[PDB]
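>>> sequence first, structure after, both from an experimental entry:
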Amino acid sequence: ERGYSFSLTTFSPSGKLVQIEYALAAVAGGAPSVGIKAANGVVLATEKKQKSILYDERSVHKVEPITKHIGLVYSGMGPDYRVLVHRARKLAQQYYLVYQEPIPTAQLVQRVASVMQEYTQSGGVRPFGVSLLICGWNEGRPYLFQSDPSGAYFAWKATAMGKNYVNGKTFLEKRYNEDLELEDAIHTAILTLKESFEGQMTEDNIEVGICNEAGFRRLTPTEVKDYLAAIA
Amino acid sequence: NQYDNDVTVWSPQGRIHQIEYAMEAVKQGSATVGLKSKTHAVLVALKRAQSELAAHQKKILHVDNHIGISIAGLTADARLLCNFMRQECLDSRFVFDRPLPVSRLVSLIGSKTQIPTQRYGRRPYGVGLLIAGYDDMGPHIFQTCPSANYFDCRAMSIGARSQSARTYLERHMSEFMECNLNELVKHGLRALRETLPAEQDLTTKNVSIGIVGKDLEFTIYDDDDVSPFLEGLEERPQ
Amino acid sequence: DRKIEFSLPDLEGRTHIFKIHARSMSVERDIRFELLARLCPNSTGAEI
Amino acid sequence: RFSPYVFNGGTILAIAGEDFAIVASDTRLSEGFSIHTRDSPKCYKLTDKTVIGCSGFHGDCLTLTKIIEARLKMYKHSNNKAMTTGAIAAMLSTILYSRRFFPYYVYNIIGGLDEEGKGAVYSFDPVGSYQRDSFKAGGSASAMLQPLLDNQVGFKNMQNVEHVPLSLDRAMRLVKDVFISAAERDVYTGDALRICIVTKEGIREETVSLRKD
Amino acid sequence: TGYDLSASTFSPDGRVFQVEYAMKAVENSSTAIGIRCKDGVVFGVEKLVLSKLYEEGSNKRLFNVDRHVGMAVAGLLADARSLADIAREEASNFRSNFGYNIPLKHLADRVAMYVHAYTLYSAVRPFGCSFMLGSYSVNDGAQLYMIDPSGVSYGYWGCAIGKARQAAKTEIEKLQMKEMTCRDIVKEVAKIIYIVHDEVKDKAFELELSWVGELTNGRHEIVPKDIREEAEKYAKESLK
Amino acid sequence: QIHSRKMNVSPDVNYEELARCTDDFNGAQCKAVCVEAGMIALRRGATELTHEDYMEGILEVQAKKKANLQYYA
Amino acid sequence: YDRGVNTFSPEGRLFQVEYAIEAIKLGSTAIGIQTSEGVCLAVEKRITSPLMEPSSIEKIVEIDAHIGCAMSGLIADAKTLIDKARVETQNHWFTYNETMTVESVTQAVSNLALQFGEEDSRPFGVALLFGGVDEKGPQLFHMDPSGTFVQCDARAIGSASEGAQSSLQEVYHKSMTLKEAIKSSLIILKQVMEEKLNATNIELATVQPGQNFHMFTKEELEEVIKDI
Amino acid sequence: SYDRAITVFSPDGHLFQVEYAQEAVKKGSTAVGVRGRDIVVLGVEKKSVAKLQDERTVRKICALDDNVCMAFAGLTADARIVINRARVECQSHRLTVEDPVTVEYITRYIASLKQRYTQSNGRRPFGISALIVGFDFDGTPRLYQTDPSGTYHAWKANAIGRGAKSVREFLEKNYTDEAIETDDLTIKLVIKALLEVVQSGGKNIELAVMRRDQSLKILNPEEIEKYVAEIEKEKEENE
């Protein structure tokens, strides 16, 4: 390069940031997903459709572990997701090299969004087009956080991103409640995934990862086919 | 017109117009003529004056004991390439203890002027270098361009109305090999006098002559020792 | 074919345009206009 | 280990005349107990009116000579004139100080005419100090030549001795006698005595032989 | 228009016009052809004399990269001398690091990546040159390569660069190429240059010939040109 | 040469000198230089032409605007 | 309305340095004359308000003990060039034990007259007159923002630079004396300025081989006005 | 690294950005200042307090040293960088040559800093214009001023801000040396001059003097009522 370093994102005359608003439009056209925190662990569920019968399903993964107790999914564009995964993989290690202790789930979201917010203000790059959902049962009580391309972050009992995310928002408000179990949370997570999916729902149409206090765990397609009895 | 701004932008016809504009800057300077015999190389320049009280802007400048150059165009690009020119001559004088041959020094200039003709935010060097000197195999007359296409010529002229200067050369280029210095020089300044209006020629204030020779270091004369050369001339016919 | 341009003349067109516009009015015989044109160097004939 | 210095020898003499300058040196280049060559003069014509002598470590003498020859040309293309004698001595002092913490091992004497046609001799040191003197002798045999010219040229320690100015011809036989006596006692003083004479008309050279032991 | 400014923006149909513009800038130059026999490579460059314009022997477009590697450039001239300085520099590092002569397959690839590198950024422009690469080796044979301004580099038995490109390659395939010795081909290349370029465009032209092969012991040099003079004598037998 | 047919040309004129100094013109501009050079001779009342007449016509067709460009060379 | 700073004209000259010469026109006028006896020099201060202190506005600024200066154009852009030209004469004396000549001063000044750019800014906006006495007698030079360096016998620049140079060619010859050239200059000054000539509008600077410095305290100024 | 020029030449021969930032100085509050022979005075106007808020943080008159006093216009933030820079330079001058800093020296530091801040690339100019008042060794009181171009410039009376030329026109017919005779008359001179400024009801006038042998002493808001009383008494003798 040369040293141009000028930010391509400036304020509107109305007083808004236009490119961040356009990046959220690419998030809303992403694949639908949902995440539910119910009183002993967190359940994450995504909606993985192969566009043809020729694709392999055991190659590309959506529910992705970060530590042995921290998982992470997304709703947005594919290739930009794999950047900040590898960033967050390394960033969890410098906590562990210094403190010799597994990193809390609130501590990544401080640091991952700080990577992501500074990346918008920096020069000559677009923002990301990926929102995240981060889970983990650190110190008994589990956690469920949601970041966005605007750099912000929140803390949800249960939420949904992707397509028809406002329809599943009204669905989770009525169906879910204060407390549940882990097994009840998976039942309603498929019920809001069946709200917007296609016709057939098999072990390859969806992919589910969970947290316990025993640790983060990703479900194999056997038990997902086994939990597919009494569907939605 | 919108593709005629930067050096980087090619044309849809395939001609980078920034170089073509820099060729016009060479044509604004005063004319000068260089030529060579078998054993000598003489370049003659023409000066201009900004006003009557102002002195005339000098053209020929000494570089090394055999290499001396003429100039046309800008004056910043003149001294910027001149400081690079004097630097390279004394380096091989310091390293190899020998003078540079004239040919491969000019190849360093085309490499030097290449980079600001390709990268962004850099103008080409508007300059009109005529180069004379000895290597071990005789005299040489070189000319350059802002497009960095150096030419091993035998007699050229660059600057304002050099169109008429070139025409005199080919009808006397056969004579430019056997004649010695006294008529070799005054062959050359017969070519400058058609680059002029028809009422002034050379009146010991606007002409300079540099000669490099076999037993002769590159010597510049100006307006007082030029007067022995300016005698023995016929006037312009009409 | 011909690209004729119209400039602000020098110092003497202004004196002459003075003699065009201030011929035709009723003035005193003590005119002078080199004094007037040197006071307005950059001006159009409309400004005259 | 690798020691970067070695002594080579040589002896330089300069005399500031009234309208001239005489610079003399031997031609032996030795190292240790052996002779590399018998033809190695220390005279260097810088300009038409300035001759420098360089003794000491010979590898620094070849380097320091070529630095000065470049800066003479850099002066002329920048100022359209040549340097004076005192301007070269002022320039050389900054060059010798520029390697203060890794010095040259070179004794320098600059002789030549001033801008009034009088002899000027500038002596030096390996770090950069200098002064203008009437006569100096540098090199290996420097101690055997300074007190004799104090008696002859300086006219010191003599009662009722007049002060005649040194002529050109009297100065020639003074130079030819002191290198004969120096060659008897010094082992570094060689065979050929290159003598350069800087007048207001050019530089003349002259070579006188000595004993070959 | 609107998409053809930088070399970092794609057109809305899928190409880059800055590379497209610089290709036909090479097209406006004079004709330089190349051919190989079974034990050598023969170069031939038409050069135009304008009126006088130079001492003959000036600015010859047959460069010399290595002892066994030669050039035949066309298109823009000043950037061709830049690519010659890159190719001489690249063959020296192969000599210094690996201790033997550069193969022509690698030397084509290292240069073509360097030509490719100026087609990706807005700070620099693409090159306006195209050239040839001829070599010979007793362990390899005679190889002839070809590099466009975009960076595509592969082999040929014969090729032509310049204005006369398609009209000049129609008669190249009319020859036999396998069984020929290059000394026969030296007087063959003379007539292909001499057939094309009628003097209606330019009255004065002049022929150079470069020649590397088995007769030259692998070393590259110019033909004995004033010697033996069978280029122009055998070429001017095309009067009817 | 074609448009110089009707006009009185002094027969010491090289068109190759003209064609080398008429840079980057078209057929309309090369016609215009021939037209203007006739009237410039009509200004001073000369009948035949000269090389200077064409060179002044080139200066008019190119339309050099201003002055004080003297800080070159 | 935003083109390159480093781009040639389609006619072929330049873009921005042509505008730099226009920026000299809005500055005050100045006259310097080289005589065989010395170099006299003059300028107008262009006083705006009587509340303004007059001696805080200077145009003649010394460079060395025997070299003066004269500026017209942007003020603090010239103050960069003055500070460098003072230093580079001191580098000359403390490496050679001699004074840098009047021509060779301006060679070092005009090197970075055109060195503006991005790597390694805008061109400057001031024109200078350098007088001084050296081994070739008294000298007088003139430069510009375009780096074009030239020697003049008597150059006048500023807002009224055109009418000054025309009137100066009438009254100049080679065999002038010093005080004849001094009073001839201020006659040109009072024709080209608009205010009355007094002890506050102008100032002089005269360097000589004998009187080696330029030395023009006030009320010598009133001595010349009462003699004209 | 930002290799882009901001300020270039115009076709008429001017700069854009320098004559483009001086309007920001014209949209600031006014502050005037004169000098006597013993006591200098300078007074800002247009306090415009919110009548329920703090005021010791909105100070527009500060000091670089125990000799030199500040007053400016333009925008607030650009003055803070210039002032805290110049406090370092005047104190580092004493780390060098042991004198107190002359008031002409510190104005050349500010003007040279502000000039290269326009000459360089990718840098907005400042939008302030300062008044620099000091009474150095030998006890000679004098004042200077700056400009966004960076031209230090000595006056005897100054007026800046929104309404500068009107106050300068008031001082234009007020060249009396008798007003520079008495110190309290010179303070009443500025109070009469600041009365010609916007409303000036005795509350928006913050004046400060310096008796050349003492640090800056701000007059309390009782002498401001006292001096406006005698200015009203002196104005009553018009009949």
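Looks like it came in fine. Numbers count the residues shown, from 1 in each chain, chains lettered A, B, ... in the order given.

>>> which residue is it, in chain D, that comes closest to chain E?
residue D:2 (26.6 Å; CB to the nearest CB). Backbone N, C-alpha and C define where each C-beta goes, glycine included.

>>> my read is that residue is in a helix, agree?
No: with DSSP: H, G, I helix; E, B strand; the rest coil as the criterion, residue D:2 is assigned coil and is not in a helix.

>>> quick one: residues contacting the residue positioned nearest the centre of chain C.
Centroid-nearest residue in chain C, with CA atoms, centre = their mean: residue C:14, separated by 2.2 Å. Residues near residue C:14 by CB atoms under 8 Å, 6 or more residues apart in numbering or on different chains: C:33, C:36-37, C:40, C:43, C:48.

>>> are we agreed that it is in a helix?
Yes: according to three-state DSSP, residue C:14 belongs to a helix.

>>> any idea how far it is from chain H?
As judged by CB to the nearest CB, to the nearest Å, residue C:14 and chain H stand 21 Å apart.

>>> give me the element residue A:195 is part of.
Assigned by DSSP states H and E, residue A:195 falls within no helix or strand.

>>> one more: the one 5 residues further on?
Assigning secondary structure by DSSP H and E places residue A:200 outside every helix and strand.

>>> mind checking how far it is from residue A:49?
Separation of residue A:200 from residue A:49 (CB to CB, to the nearest Å) stands at 10 Å.

>>> more neighbours, those two?
Neighbour comparison, residue A:200 and residue A:49: the larger count goes to residue A:49, with 11 against 7 (by other CB atoms under 10 Å in any protein chain shown).

>>> phi, psi of the more buried one?
Per-residue torsions, residue A:49: phi -110, psi 120 (degrees, to the nearest 10).

>>> sorry, back to before: who wins for most neighbours among the contacts of residue C:14?
Top of the contacts of residue C:14 by neighbour count (other CB under 10 Å): residue C:37, with 21 neighbours.

>>> quick check, the residue in chain A closest to chain C?
residue A:13 (39.1 Å).

>>> residues near that residue, how many?
Residue A:13, neighbours per other CB under 10 Å, totals 5.

>>> the longest helix that chain E contains packs against which elements?
Of all segments of type helix in chain E, defined using DSSP state H, the longest is helix E:78-98. Secondary-structure packing of helix E:78-98 (3 or more CB pairs under 8 Å, 6 or more residues apart in numbering or on different chains; DSSP states H and E): helix B:102-112, strand E:69-71, helix E:104-116, strand E:129-137.

>>> ok, residue 5 - contacts?
You didn't pick a chain, so chain A it is. Residue A:5 neighbours (CB under 8 Å, 6+ apart): A:122-124, H:1-2.

>>> ah, I was thinking of chain E
Residue E:5 makes contact with B:3, B:9, E:18, according to CB under 8 Å, 6+ apart.

>>> go through those and name the one nearest residue A:103.
Nearest to residue A:103 among the contacts of residue E:5, counting by CB to CB, is residue E:18 at 48.4 Å.

>>> which one is the closest one nearest to, not counting chain neighbours?
Of all residues not flanking residue E:18 in the chain, residue E:7 sits nearest, at 4.2 Å (CB to CB, 6 or more residues apart in numbering or on different chains).

>>> how close does residue F:68 sit to chain D?
29 Å.

>>> tell me if the longest helix seen in chain G is near chain B.
The longest helix of chain G (DSSP H) is helix G:75-96. No: legend: contact between helix G:75-96 and chain B by CB under 8 Å from any CB of the partner chain is lacking; minimum distance shown is 15.5 Å.

>>> quick check: the gap between the residue in chain F positioned nearest to chain C and residue F:5.
Nearest residue of chain F to chain C: residue F:63, at 5.0 Å (CB to the nearest CB). The gap separating residue F:63 from residue F:5 is 26 Å, by CB to CB.

>>> burial of the nearest residue to the residue of chain F closest to chain C once chain neighbours are set aside, as a residue count?
Among residues not flanking residue F:63 along the chain, residue C:3 sits closest, at 5.0 Å (CB to CB, 6+ apart). For residue C:3, the number of neighbouring residues by other CB under 10 Å comes to 8.

>>> what are the phi and psi values at residue C:3?
Dihedral angles (degrees, to the nearest 10) for residue C:3: phi -110, psi 90.

>>> which other helices and strands does the longest helix seen in chain F contact?
Using DSSP H, we find that the single longest helix of chain F is helix F:27-43. Secondary-structure packing of helix F:27-43 (3+ CB pairs under 8 Å, 6+ apart): helix F:51-61.

>>> name the residues of the helix it packs on that are buried.
Going by neighbour count (16 or more other CB atoms under 10 Å in any protein chain shown), the buried part of helix F:51-61 is F:51, F:53-58, F:60-61.

>>> how about chain G: which residue is closest to chain F?
Chain G approaches chain F most closely through residue G:148 (3.9 Å), counting by CB to the nearest CB.

>>> residues contacting the residue lying closest to that residue once chain neighbours are set aside?
Among residues not flanking residue G:148 along the chain, residue F:71 sits closest, at 3.9 Å (CB to CB, 6+ apart). Shown in contact with residue F:71 (CB under 8 Å, 6+ apart): B:75, G:144, G:146, G:148.

>>> what segments of chain G are helices?
G:17-24, G:75-96, G:102-109, G:161-171, G:178-192, G:221-225.

>>> revised request: answer the last question for chain B.
Ranges of helices in chain B, per DSSP H, are B:17-26, B:76-95, B:102-112, B:163-170, B:181-192.

>>> does the second one reach chain E?
No: applying CB under 8 Å from any CB, one finds that helix B:76-95 is not in contact with chain E, the shortest distance being 15.6 Å.

>>> also the third one?
Yes: residues of helix B:102-112 contacting chain E under CB under 8 Å from any CB: B:107, B:110-111.

>>> just the buried residues of these.
Those of those that meet the buried threshold are residue B:110, by 16+ other CB under 10 Å.

>>> go through chain D and flag its longest helix.
Scanning chain D for the longest helix, with DSSP H as the assignment, gives helix D:58-79.

>>> hmm, who's touching it?
Counting by CB under 8 Å, 6+ apart, B:62-63, B:86, B:90, B:93-94, D:8, D:29, D:42, D:44, D:46-47, D:52, D:54-55, D:81-83, D:88, D:91-92, D:95, D:104-106, D:108, G:101, G:104, G:107 sit against helix D:58-79.

>>> first to last residue in stretch H:62-81, what's the distance?
End-to-end span of stretch H:62-81 (CA to CA, to the nearest Å): 13 Å.

>>> give the buried residues for that stretch.
H:62-65, H:67-75, H:78-79.

>>> so which of those residues belong to strands?
Counting by DSSP state E, the buried residues of stretch H:62-81 place H:68-71 in strands.

>>> what's the closest of the residues you listed to chain B?
Closest to chain B, out of all of those and judged by CB to the nearest CB, is residue H:70, at 40.3 Å.

>>> what distance do you get for the closest one to residue E:11?
59 Å.

>>> name the helix or strand for residue A:23, please.
Under the criterion of DSSP H and E, residue A:23 resides in helix A:18-28.

>>> and that helix, what other elements does it pack with?
So helix A:18-28, by 3+ CB pairs under 8 Å, 6+ apart, packs with strand A:70-76.

>>> buried residues in the helix or strand just after the strand it packs on, which are they?
Of the helices and strands lying after strand A:70-76 in sequence (DSSP H and E), the nearest is helix A:78-99. Of all the residues in helix A:78-99, those buried under the rule 16+ other CB under 10 Å are A:80-81, A:84-85, A:88, A:91-92, A:95.
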